[PDB]
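Data block below; observations after.
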Amino acid sequence: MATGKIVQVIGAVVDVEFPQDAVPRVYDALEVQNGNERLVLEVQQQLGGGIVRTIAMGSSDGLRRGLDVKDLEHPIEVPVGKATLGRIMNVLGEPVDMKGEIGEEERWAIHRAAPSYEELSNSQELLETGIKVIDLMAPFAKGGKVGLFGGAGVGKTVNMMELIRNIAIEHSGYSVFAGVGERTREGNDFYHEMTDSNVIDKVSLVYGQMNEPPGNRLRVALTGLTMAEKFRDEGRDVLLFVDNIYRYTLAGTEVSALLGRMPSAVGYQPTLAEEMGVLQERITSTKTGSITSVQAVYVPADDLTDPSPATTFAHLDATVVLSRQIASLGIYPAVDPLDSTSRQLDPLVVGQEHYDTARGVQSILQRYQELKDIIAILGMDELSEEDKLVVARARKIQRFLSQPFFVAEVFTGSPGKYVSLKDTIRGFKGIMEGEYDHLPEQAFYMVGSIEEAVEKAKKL
Amino acid sequence: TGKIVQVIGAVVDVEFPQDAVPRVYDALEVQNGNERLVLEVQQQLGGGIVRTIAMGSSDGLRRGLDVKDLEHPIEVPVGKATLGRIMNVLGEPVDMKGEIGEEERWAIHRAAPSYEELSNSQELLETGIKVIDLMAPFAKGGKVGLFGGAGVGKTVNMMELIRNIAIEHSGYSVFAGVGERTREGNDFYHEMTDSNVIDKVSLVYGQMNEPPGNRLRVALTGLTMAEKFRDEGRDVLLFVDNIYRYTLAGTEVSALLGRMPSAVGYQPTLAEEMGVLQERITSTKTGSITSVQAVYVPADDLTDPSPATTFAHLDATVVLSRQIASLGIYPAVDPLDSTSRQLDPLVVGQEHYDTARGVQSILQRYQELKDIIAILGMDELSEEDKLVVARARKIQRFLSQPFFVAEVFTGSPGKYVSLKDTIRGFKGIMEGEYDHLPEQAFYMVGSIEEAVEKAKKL
Amino acid sequence: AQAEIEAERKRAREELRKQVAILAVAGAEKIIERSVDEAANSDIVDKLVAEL
Amino acid sequence: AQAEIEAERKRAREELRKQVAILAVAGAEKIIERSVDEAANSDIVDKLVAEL
Amino acid sequence: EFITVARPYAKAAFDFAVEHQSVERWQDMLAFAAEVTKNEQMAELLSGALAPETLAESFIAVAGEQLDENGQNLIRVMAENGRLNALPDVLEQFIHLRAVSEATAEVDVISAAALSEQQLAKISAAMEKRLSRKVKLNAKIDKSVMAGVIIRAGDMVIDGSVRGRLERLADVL
Amino acid sequence: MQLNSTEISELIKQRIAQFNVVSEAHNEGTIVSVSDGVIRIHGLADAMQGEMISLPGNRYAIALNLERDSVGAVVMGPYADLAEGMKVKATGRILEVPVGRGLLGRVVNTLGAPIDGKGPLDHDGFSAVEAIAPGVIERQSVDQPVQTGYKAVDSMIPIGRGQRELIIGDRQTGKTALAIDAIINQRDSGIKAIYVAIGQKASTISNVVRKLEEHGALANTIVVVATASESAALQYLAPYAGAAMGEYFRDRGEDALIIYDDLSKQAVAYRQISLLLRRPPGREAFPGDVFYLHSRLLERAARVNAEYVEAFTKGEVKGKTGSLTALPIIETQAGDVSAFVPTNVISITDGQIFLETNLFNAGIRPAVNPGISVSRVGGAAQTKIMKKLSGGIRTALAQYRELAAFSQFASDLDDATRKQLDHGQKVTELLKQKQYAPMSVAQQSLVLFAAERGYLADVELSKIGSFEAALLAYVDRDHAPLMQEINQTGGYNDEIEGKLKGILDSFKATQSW
Amino acid sequence: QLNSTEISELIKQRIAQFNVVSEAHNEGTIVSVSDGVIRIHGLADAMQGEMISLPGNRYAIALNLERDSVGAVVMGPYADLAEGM
Ligand SMILES: Nc1ncnc2c1ncn2[C@@H]1O[C@H](COP(=O)(O)OP(=O)(O)OP(=O)(O)O)[C@@H](O)[C@H]1O
Ligand SMILES: Nc1ncnc2c1ncn2[C@@H]1O[C@H](COP(=O)(O)OP(=O)(O)OP(=O)(O)O)[C@@H](O)[C@H]1O
Ligand SMILES: Nc1ncnc2c1ncn2[C@@H]1O[C@H](COP(=O)(O)OP(=O)(O)O)[C@@H](O)[C@H]1O
Ligand SMILES: [Mg+2]
Ligand SMILES: [Mg+2]
Ligand SMILES: [Mg+2]
């Protein structure tokens with residue numbers, strides 16, 4: 001029987017009054033008929049007597065004051081396990097690929113506590129990406145968390161596509177893709193990319209697109225985490241890709257004002273750090289299984305000061321910062337070496353060879369960033385000859401960090417390149433010393449290995 | 001019939017029997033001591049309460065005063081009976097002459113003309129000012145806006161536009177003083193009467209001393225008179241003394257009306273309040289209104305919401321810069337920000353368009369060089385960059401001009417310049433015909449002949 | 001063309017004066033649901049010519 | 001110009017529709033109020049309470 | 001208006017009156033508590049800054065009829081929260097709750113004439129069929145109705161009038 | 001003419017015959033307050049959110065706040081005549097607009113009532129103003145061109161059929177000019193056009209419609225208007241009415257191009273509505289759900305696969321993919337992209353075109369900044385000839401600007417740097433283009449072939465413009481069959497390169513600039 | 001005009017016997033749960049910074065002593081708490 005009644009509808013937030021002895025628990029699901037369509041509500045707050053404030057998992061349009069609401073005595077539960085592979089699902093775990101019923105054996109609540117302190121692991125096995133700047137400057141480890149920071153239009157999506165192509169096909173294990181707040185076009189293109197390359201059988205996709213109401217976006221990320229946690233607790237090693245962590249926080253901001261909370265900072269909800277931590281602390285590798293995750297992070301107006309990116313910085317292990325200052329020059333991947341960093345970049349993992357190479361590159365680029373200001377007004381003739389040589393070799397290293405990517409074939413009209421870590425280290429050593437002092441700057445731009453930059457120089 | 005129940009600043013709440021509640025924008029009336037006060041209805045609250053703005057000083061009002069419900073909005077005299085007379089927001093005569101011989105009264109709240117009625121026109125209207133009709137020329141029946149901060153010459157420029165246009169033009173004119181200096185209204189009134197041009201001009205004055213309701217509604221009063229002359233089929237000139245004061249008088253009352261603040265504390269209705277006023281100032285297939293408006297820019301912030309909203313509503317925009325004015329270049333027009341719908345090769349023709357874009361390009365390049373010049377000095381520049389600077393400085397000086405209303409300030413006779421002389425002069429400067437004259441030769445000269453005659457005596 | 005259509009306009013007004021009476025009676029009978037042989041056609045014709 | 005005149009034609013037609021309809025129902029109000037009958041009023045009630 | 005803050009008290013009072021089988025007395029008591037609220041001098045006192053308990057005891061002093069320890073305590077509760085001016089709206093919601101509980105509806109019928117009373121028998125039967133409640137009629141004659149009748153029940157209306165039908169057809173431009 | 005008015009008088013007589021006498025039943029409320037276009041209604045227990053509420057006269061309101069004991073609603077029209085105690089009836093209806101092919105060449109308001117005065121509409125029924133976009137499985141990848149006719153945009157920033165491309169910049173930088181040129185160029189491409197005007201002054205709309213009428217574009221275009229005089233509820237809905245009209249073509253295998261003008265003024269009207277309804281302000285005083293507003297507006301523009309079209313048309317149309325392309329316009333105050341509305345719209349769209357004042361004053365018009373401008377869909381949107389040539393242009397030009405900055409005080413210039421700087425200046429000069437002068441595919445391809453094969457290299461810079469004009473005239477008179485081949489196919493081959501090489505060699509020898 | 005803990009069954013309790021102070025000051029009931037904060041009715045002897053014991057061997061710190069209720073912050077998982085505890 002249905003036992004509650006809608007008493008307000010303001011925007012996406014619905015208030016329901018139940019009898020005072022059967023009030024729904026927090027995060028319980030509720031059900032109502034919005035005409036023909038069934039609608040689900042998630043309980044956020046218990047307030048007053050018998051009244052609960054809820055977020056609609058769907059459009060509020062057509063709701064009336066007075067509609068009977070059924071009390072489902074569980075939170076939102078989603079299908080998990082092998083049945084999800086090759087399927088596209090919405091936030092509620094319903095198929096949206098037309099292929100038919102999921103056919104699950106088990107369903108899990110999307111709300112659950114993080115692993116306890118005793119369960120964590122520190123198995124920092126190095127992982128190669130095949131990308132120059134990432135493998136040198138910000139080396140991955142299996143089971144770690146990676147963040148691709150950047151404002152709009154800097155390369156987060158194609159970088160994540162390149163990483164998917166390289167590791168995810170080679171991984172030999174299941175993968176979960178959470179399209180949090182994603183463009184619908186891009187989800188379609190990714191689905192057909194995975195189907196045509198015939199790897200879709202190993203991946204399960206959860207999509208909450210931009211057009212959907214705030215609740216769907218707010219909880220789709222937790223649905224994806226729940227599937228990844230199901231595969232982890234089996235003992236498998238899984239890859240988790242998140243389209244954009246920022247839009248989860250933004251949906252929280254949308255609902256927060258209507259949930260009666262006073263605002264804080266730059267419009268953000270007061271609970272920003274709590275919500276971020278509660279999501280992020282579930283994405284970890286335990287002693288039973290490992291989750292490796294790549295997360296794209298929107299940076300509003302490239303202001304890395306803004307509370308959402310500034311807050312997410314603390315939760316990651318490797319952080320790659322994509323800068324529009326570099327992207328304006330068209331030199332993709334546009335990774336900033338002076339801002340990107342990783343926990344794995346110390347000699348006890350990387351070895352002294354790799355550590356020394358990376359620190360040398362960082363020092364050279366920092367020095368050049370200082371010299372460039374002198375040049376801009378006083379002119380390069382005013383420098384020391386040592387500083388002139390440093391400027392030259394730094395301006396070469398800057399272009400050598402560029403790499404043509406497979407996935408960007410359409411954009412660059414040229415074939416993409418893959419490079420090993422050993423060859424990358426040798427190339428940067430070669431530029432730091434004299435071996436290539438004589439090549440022009442343009443001979444390095446979007447080349448590939450150092451062994452073919454000489455070839456572009458001969459062509460230039 | 002009504003009872004006053006609250007008085008908060010300019011806002012008065014009145015209770016009426018629930019079967020008789022006044023409509024929105026109805027005029028109410030209350031006796032305040034030894035005088036009559038009009039209130040205009042803004043909102044209907046619940047339970048027969050109605051919220052109104054006082055068209056006068058609200059001090060001395062008690063609660064519990066009996067209020068009379070007039071059955072109509074504020075209605076003002078219109079037509080030729082208003083010509084040559086000074087009137088208040090309520091349409092009352094404010095000059096010491098007798099009553100206005102009205103034949104008809106119009107409600108000041110009206111709808112804008114329909115899309116079907118609007119008319120296009122491309123007739124360029126000449127002005128005596130070099131920079132305005134070079135950089136931002138405007139047509140008969142269009143809108144012109146003068147944007148500027150405090151004390152940069154909006155009024156002086158508008159007075160030159162009056163002198164030239166509204167005296168070579170033959171039809172009627174309406175001048176609306178909105179929240180500006182009373183001294184300037186009296187000065188304008190007299191110099192109109194001394195010139196015996198007053199009998200072509202209707203003047204409505206809502207100056208700063210007035211309480212907020214008057215400054216709020218006086219602009220609509222002026223528009224109502226201008227619409228009467230337009231609908232008669234005439235060609236009319238409308239001058240608005242400061243449009244910004246209308247939005248500011250909205251801001252002052254908005255909080256007392258119980259409306260949440262927006263943006264920089266503006267009323268949430270800012271765009272609609274400005275739009276409904278601005279859309280009524282339009283030329284029509286029956287008759288044409290030409291409009292010049294001063295637009296005050298608070299704290300010189302051209303990105304403030306009020307100037308920003310005003311920019312979309314105008315056909316020609318002239319932006320006055322304090323930084324130029326402090327050089328003493330008058331009129332202080334910024335040619336890199338001033339712009340017009342009419343600067344288009346089809347309407348102006350190719351020579352004018354090419355000259356304007358050349359001037360614009362050289363001045364932009366000079367802006368690009370000034371940051372180099374500030375640190376290094378000019379000696380580091382290239383020999384072509386030095387020529388760009390040498391010509392840009394002369395262009396900046398040649399945009400200056402003596403005004404007749406500025407005869408009292410400068411002490412030197414005013415100048416009227418034909419458009420052909422402007423195009424010829426700037427084309428000559430950019431082509432380098434005058435590269436041998438000093439900069440001082442170009443400052444405050446009417447025409448290029450006067451520049452060469454000044455150059456002979458340096 | 002404006003002059004042409006104005007002449008036809010006054011002609012059409014003369015024609016429609018009759019038709020509007022059929023609107024009056026048909027609307028009265030449809031609105032009152034059943035039919036009614038009302039007598040006082042003076043009111044019909046008074047409106048019919050007066051406002052037109 | 002010619003297509004303009006054929007647009008103006010429709011603009012002329014619609015206004016006449018509007019005029020005749022409004023003035024006809026203005027006449028019909030007079031006609032119907034003057035033609036009220038108690039049996040017809042009772043038949044309106046007997047209709048609506050039969051469907052209600 | 002006080003409706004939203006009056007609802008909780010109205011429910012509590014009706015529930016209590018149901019338990020103690022005193023609904024009728026409570027109605028006649030709330031009528032008096034609402035009527036004292038309307039008096040001039042008492043209204044001035046209610047708008048004052050008296051501490052809750054002093055106001056409550058003065059009000060209870062004027063409200064002598066009130067059943068001690070039940071209605072007077074309701075006054076004390078409302079005086080803690082300063083809702084006494086809501087009493088005209090704490091009443092009438094009590095009446096609404098009573099009418100719902102008694103499954104009874106006032107329904108209104110407006111016509112160009114005094115209806116034939118046989119028509120009213122049919123109308124009352126029809127309303128007791130449309131709504132599963134006993135229906136009290138308090139019909140009216142109205143000049144605005146050209147002919148026919150308007151039936152109004154709660155916030156539902158069934159327009160059978162000639163006026164409404166005309167202005168419904170005149171809409172068909 | 002007017003005898004046909006007697007015939008339509010018979011039509012009025014038959015209105016009575018078609019009318020229905022049955023008494024309906026409806027839910028009722030009373031207006032309890034009126035202020036600034038917002039009304040509070042007591043009653044209406046059965047009102048739904050987003051429902052049309054009907055007022056005295058022929059006026060409507062949209063129910064937005066369904067609070068306890070009151071409904072808050074916004075009036076879609078002049079509100080000042082409404083009064084407290086007026087009865088109000090709740091319909092069952094959501095808002096719908098007329099839609100169909102007859103709308104083309106008409107100017108209509110946000111409710112779809114014609115305002116051009118060209119008589120009543122012809123239309124194919126009504127469609128809901130608020131509607132959900134096609135899901136992931138129902139879309140198809142964007143891989144067809146929509147030609148702008150501008151060298152800069154079509155070369156550097158290609159727009160595909162189904163893309164959302166933001167036009168962003170400060171005031172008076174050419175934002176509207178670009179969009180109406182994009183409309184004008186569709187006069188013969190088969191793509192239908194919709195121009196939505198939010199908050200503009202009506203005479204500006206009349207002028208833009210006049211320009212559309214001087215060219216051949218008006219017959220292919222729907223103009224939807226909500227002027228600055230109209231209520232904030234008639235604004236803020238106009239984009240959705242335009243979107244419904246675009247969707248009619250999208251869901252029948254036809255292409256539509258919709259230009260939302262000043263999405264920012266939609267945001268401003270929505271802020272007015274939200275503050276008058278006392279909803280809590282967020283950042284910069286906008287409500288929090290403004291992102292949801294713009295995102296659900298812009299996610300409707302999509303390319304749908306043939307299966308969805310067949311299902312929608314019930315088999316009447318088979319094998320055809322429909323597309324709706326959106327070109328929203330945003331105004332920045334001082335190039336400040338960090339404002340709330342610009343950040344949201346930049347997050348949503350598939351790219352942006354930055355127009356900026358420094359380039360415009362320098363005479364670079366259209367003032368497209370090659371560095372901060374981008375198109376996510378990419379060469380997939382271009383024809384093969386334009387793809388092949390244009391790939392190099394935009395990144396080469398951006399690095400040209402960097403190199404010029406670094407060079408500004410270097411006196412010795414190495415030959416590689418000198419080549420880059422000279423080429424960058426000549427390409428920068430080449431992309432300037434006059435208003436209302438769109439260029440076909442063959443013309444753009446020819447001029448880019450002149451640039452990328454170095455035929456410009458020796459040509460002195462001011463003469464580059466006359467070089468382009470003379471080359472177009474020469475090729476139009478002498479080599480038109482190749483222009484037809486390129487415009488129709490868009491193909492590119494070794495014989496195409498050879499024929500273009502021969503044409504450039506022959507022009508540069510025989511002709512004069 | 002808005003409600004401040006004016007809920008039907010508490011009001012009915014007071015109507016029956018206004019002097020509910022007869023019940024012990026030591027205890028109270030949860031009347032709201034949201035975002036880790038709970039509002040408690042009762043606890044007349046609560047004091048600033050006092051530990052309040054919750055079911056499940058949990059605690060909350062009393063931070064707002066208000067004229068009708070105590071606002072307390074839960075020192076652990078809170079999502080299972082319910083009004084009437
Ligand atoms: N053309 C001019 N020649 C010389 N001086 C001028 C000229 N225009 C303005 N000024 C100087 O600027 C002063 C202020 O001018 P004006 O009153 O027109 O400014 P405004 O911008 O309209 O000011 P406000 O905002 O205070 O009304 C004049 O009194 C005069 O000293
Ligand atoms: N390609 C071009 N070449 C030359 N002039 C141009 C070009 N494009 C636009 N213009 C001119 O620039 C001016 C402003 O153009 P437009 O109205 O399109 O700008 P906008 O950014 O949309 O303006 P607003 O903020 O007023 O709506 C006009 O005078 C127009 O003629
Ligand atoms: N490695 C690359 N090669 C070529 N183009 C790139 C590369 N990285 C980014 N881009 C350019 O950047 C555009 C947008 O990048 P994308 O990752 O889709 O943006 P966002 O980071 O906002 O998701 C691409 O369409 C392309 O034009
Ligand atoms: Mg990305
Ligand atoms: Mg002044
Ligand atoms: Mg524009």
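Residues are named by chain letter and number: chains run A, B, ... in the order of the structure tokens, numbers start at 1 in each chain, and ligands are numbered from 1 in the order shown.
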
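Within 6 Å of chain F, and using only C-alpha atoms, the residues found on chain A are residues 7, 8, 9, 10, 61, 62, 63, 64, 97, 184, 188, 211, 254, 267, 301, 328, 329, 330, 379 and 411 of chain A.
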
Select, as a JSON list (two decimals) with N, CA, C and O atoms, in the first residue's frame, those residues of chain A with any atom no more than 7 Å from chain G (distances computed using only C-alpha atoms).
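Saved result, part33.json, follows:
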```
[["chain", "number", "residue", "atom", "x", "y", "z"],
["A", 25, "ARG", "N", 13.42, 5.99, 6.19],
["A", 25, "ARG", "CA", 14.80, 6.23, 6.59],
["A", 25, "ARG", "C", 15.52, 7.09, 5.55],
["A", 25, "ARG", "O", 15.09, 7.20, 4.40],
["A", 26, "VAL", "N", 16.62, 7.71, 5.97],
["A", 26, "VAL", "CA", 17.42, 8.52, 5.06],
["A", 26, "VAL", "C", 18.01, 7.63, 3.96],
["A", 26, "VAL", "O", 18.41, 6.49, 4.21],
["A", 45, "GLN", "N", 16.30, 14.04, 3.78],
["A", 45, "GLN", "CA", 16.17, 14.60, 5.12],
["A", 45, "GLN", "C", 14.88, 14.13, 5.76],
["A", 45, "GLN", "O", 13.86, 13.94, 5.08],
["A", 46, "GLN", "N", 14.92, 13.93, 7.08],
["A", 46, "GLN", "CA", 13.73, 13.86, 7.91],
["A", 46, "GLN", "C", 13.60, 15.17, 8.66],
["A", 46, "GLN", "O", 14.52, 15.59, 9.36],
["A", 47, "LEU", "N", 12.45, 15.83, 8.51],
["A", 47, "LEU", "CA", 12.25, 17.14, 9.12],
["A", 47, "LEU", "C", 10.81, 17.26, 9.59],
["A", 47, "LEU", "O", 9.90, 16.66, 9.02],
["A", 48, "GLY", "N", 10.62, 18.04, 10.65],
["A", 48, "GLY", "CA", 9.32, 18.15, 11.27],
["A", 48, "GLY", "C", 8.81, 16.80, 11.73],
["A", 48, "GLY", "O", 9.57, 15.89, 12.06],
["A", 49, "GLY", "N", 7.49, 16.66, 11.73],
["A", 49, "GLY", "CA", 6.87, 15.40, 12.07],
["A", 49, "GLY", "C", 6.32, 14.67, 10.86],
["A", 49, "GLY", "O", 5.35, 15.13, 10.24]]
```

>> Could you list, as a PyMOL selection string, every residue within 10 Å of residue 2 in chain G, counting only C-alpha atoms and ignoring same-chain residues fewer than 5 positions away?
In response: chain E and resi 2+4-6

With N, CA and C atoms retained, export the selected residues as a tab-separated table (two decimals), in the first residue's frame.
```tsv
chain	number	residue	atom	x	y	z
E	2	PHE	N	-2.50	33.01	8.00
E	2	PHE	CA	-2.12	32.12	9.09
E	2	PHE	C	-2.34	30.64	8.80
E	4	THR	N	-1.03	28.15	7.15
E	4	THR	CA	0.05	27.17	7.23
E	4	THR	C	0.50	26.94	8.67
E	5	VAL	N	0.51	27.98	9.50
E	5	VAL	CA	0.89	27.80	10.89
E	5	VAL	C	-0.28	27.32	11.74
E	6	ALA	N	-1.51	27.46	11.24
E	6	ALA	CA	-2.68	27.03	11.99
E	6	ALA	C	-2.94	25.54	11.84
```

> Just asking: which residues within range 2-41 of chain C are alpha helix (DSSP H) according to DSSP, as number ranges by chain?
Replying inline: C: 2-31, 41

If you keep N, CA and C atoms, can you produce a file of those selected residues as an mmCIF file, in the first residue's frame?
```cif
data_model
loop_
_atom_site.group_PDB
_atom_site.id
_atom_site.type_symbol
_atom_site.label_atom_id
_atom_site.label_comp_id
_atom_site.auth_asym_id
_atom_site.auth_seq_id
_atom_site.Cartn_x
_atom_site.Cartn_y
_atom_site.Cartn_z
ATOM 1 N N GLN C 2 -4.688 48.897 -52.934
ATOM 2 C CA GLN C 2 -5.388 49.307 -51.719
ATOM 3 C C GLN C 2 -6.748 49.918 -52.046
ATOM 4 N N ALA C 3 -6.798 50.793 -53.058
ATOM 5 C CA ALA C 3 -8.094 51.380 -53.411
ATOM 6 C C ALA C 3 -9.084 50.304 -53.864
ATOM 7 N N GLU C 4 -8.592 49.363 -54.675
ATOM 8 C CA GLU C 4 -9.433 48.283 -55.192
ATOM 9 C C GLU C 4 -10.090 47.495 -54.052
ATOM 10 N N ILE C 5 -9.272 47.037 -53.099
ATOM 11 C CA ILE C 5 -9.815 46.214 -52.021
ATOM 12 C C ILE C 5 -10.729 47.024 -51.106
ATOM 13 N N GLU C 6 -10.516 48.343 -50.979
ATOM 14 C CA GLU C 6 -11.428 49.131 -50.143
ATOM 15 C C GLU C 6 -12.841 49.163 -50.722
ATOM 16 N N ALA C 7 -12.949 49.345 -52.045
ATOM 17 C CA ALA C 7 -14.271 49.269 -52.667
ATOM 18 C C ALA C 7 -14.927 47.913 -52.383
ATOM 19 N N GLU C 8 -14.179 46.831 -52.627
ATOM 20 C CA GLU C 8 -14.764 45.519 -52.352
ATOM 21 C C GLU C 8 -15.104 45.351 -50.871
ATOM 22 N N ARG C 9 -14.383 46.049 -49.989
ATOM 23 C CA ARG C 9 -14.622 45.951 -48.552
ATOM 24 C C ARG C 9 -16.007 46.458 -48.187
ATOM 25 N N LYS C 10 -16.369 47.647 -48.675
ATOM 26 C CA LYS C 10 -17.715 48.133 -48.351
ATOM 27 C C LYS C 10 -18.800 47.239 -48.955
ATOM 28 N N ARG C 11 -18.560 46.702 -50.160
ATOM 29 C CA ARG C 11 -19.553 45.779 -50.719
ATOM 30 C C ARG C 11 -19.744 44.552 -49.820
ATOM 31 N N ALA C 12 -18.629 43.974 -49.363
ATOM 32 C CA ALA C 12 -18.689 42.784 -48.523
ATOM 33 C C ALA C 12 -19.396 43.068 -47.203
ATOM 34 N N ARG C 13 -19.192 44.260 -46.636
ATOM 35 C CA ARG C 13 -19.919 44.589 -45.411
ATOM 36 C C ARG C 13 -21.429 44.563 -45.645
ATOM 37 N N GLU C 14 -21.876 45.147 -46.769
ATOM 38 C CA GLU C 14 -23.305 45.082 -47.080
ATOM 39 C C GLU C 14 -23.789 43.638 -47.149
ATOM 40 N N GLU C 15 -23.023 42.761 -47.803
ATOM 41 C CA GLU C 15 -23.471 41.368 -47.895
ATOM 42 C C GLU C 15 -23.550 40.708 -46.512
ATOM 43 N N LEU C 16 -22.516 40.889 -45.683
ATOM 44 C CA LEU C 16 -22.435 40.170 -44.409
ATOM 45 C C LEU C 16 -23.451 40.644 -43.372
ATOM 46 N N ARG C 17 -24.028 41.844 -43.546
ATOM 47 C CA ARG C 17 -25.104 42.250 -42.638
ATOM 48 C C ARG C 17 -26.214 41.199 -42.537
ATOM 49 N N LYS C 18 -26.559 40.536 -43.643
ATOM 50 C CA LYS C 18 -27.591 39.500 -43.567
ATOM 51 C C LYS C 18 -27.082 38.252 -42.853
ATOM 52 N N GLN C 19 -25.869 37.811 -43.192
ATOM 53 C CA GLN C 19 -25.362 36.530 -42.710
ATOM 54 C C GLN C 19 -25.205 36.536 -41.189
ATOM 55 N N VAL C 20 -24.879 37.706 -40.633
ATOM 56 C CA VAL C 20 -24.651 37.772 -39.193
ATOM 57 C C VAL C 20 -25.940 37.480 -38.410
ATOM 58 N N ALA C 21 -27.115 37.736 -39.004
ATOM 59 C CA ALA C 21 -28.377 37.343 -38.371
ATOM 60 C C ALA C 21 -28.489 35.830 -38.244
ATOM 61 N N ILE C 22 -28.059 35.106 -39.281
ATOM 62 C CA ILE C 22 -28.041 33.652 -39.206
ATOM 63 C C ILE C 22 -27.116 33.209 -38.088
ATOM 64 N N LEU C 23 -25.979 33.892 -37.918
ATOM 65 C CA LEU C 23 -25.172 33.596 -36.730
ATOM 66 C C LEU C 23 -25.952 33.820 -35.447
ATOM 67 N N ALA C 24 -26.689 34.924 -35.352
ATOM 68 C CA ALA C 24 -27.411 35.204 -34.114
ATOM 69 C C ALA C 24 -28.380 34.073 -33.781
ATOM 70 N N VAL C 25 -29.216 33.684 -34.748
ATOM 71 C CA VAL C 25 -30.244 32.680 -34.462
ATOM 72 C C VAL C 25 -29.625 31.294 -34.260
ATOM 73 N N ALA C 26 -28.643 30.922 -35.091
ATOM 74 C CA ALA C 26 -28.017 29.611 -34.951
ATOM 75 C C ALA C 26 -27.274 29.496 -33.629
ATOM 76 N N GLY C 27 -26.584 30.561 -33.225
ATOM 77 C CA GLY C 27 -25.901 30.567 -31.942
ATOM 78 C C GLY C 27 -26.857 30.509 -30.766
ATOM 79 N N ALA C 28 -27.971 31.252 -30.848
ATOM 80 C CA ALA C 28 -28.976 31.175 -29.789
ATOM 81 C C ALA C 28 -29.549 29.768 -29.663
ATOM 82 N N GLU C 29 -29.869 29.130 -30.791
ATOM 83 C CA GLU C 29 -30.504 27.816 -30.739
ATOM 84 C C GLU C 29 -29.516 26.723 -30.325
ATOM 85 N N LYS C 30 -28.264 26.813 -30.778
ATOM 86 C CA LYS C 30 -27.244 25.849 -30.360
ATOM 87 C C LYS C 30 -26.893 26.029 -28.887
ATOM 88 N N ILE C 31 -26.753 27.287 -28.449
ATOM 89 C CA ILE C 31 -26.430 27.577 -27.055
ATOM 90 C C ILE C 31 -27.566 27.158 -26.133
ATOM 91 N N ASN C 41 -38.200 39.548 -33.403
ATOM 92 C CA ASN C 41 -37.141 39.781 -34.381
ATOM 93 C C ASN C 41 -36.740 41.250 -34.481
#
```

> Once you count only C-alpha atoms and all ligand atoms, which residues end up within 8 Å of ligand 2, and could you hand them over as an MDAnalysis selection string?
Replying inline: (chainID B and resid 311:312 339:344) or (chainID F and resid 169:178 331 365:367 432:436)

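Atom pair CA of residue 203 in chain F / CA of residue 149 in chain F has a distance of 26.6 Å (rounded to one decimal).
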
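Here chain C has been superposed onto chain D using all C-alpha atoms in order, and the two differ by 11.0 Å RMSD.
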
> Within 7 Å of ligand 3, counting only C-alpha atoms and all ligand atoms, which protein or nucleic acid residues do you find, written as a PyMOL selection string?
Replying inline: (chain A and resi 150-159+332-333+404-405+408+411-412) or (chain F and resi 374-378)
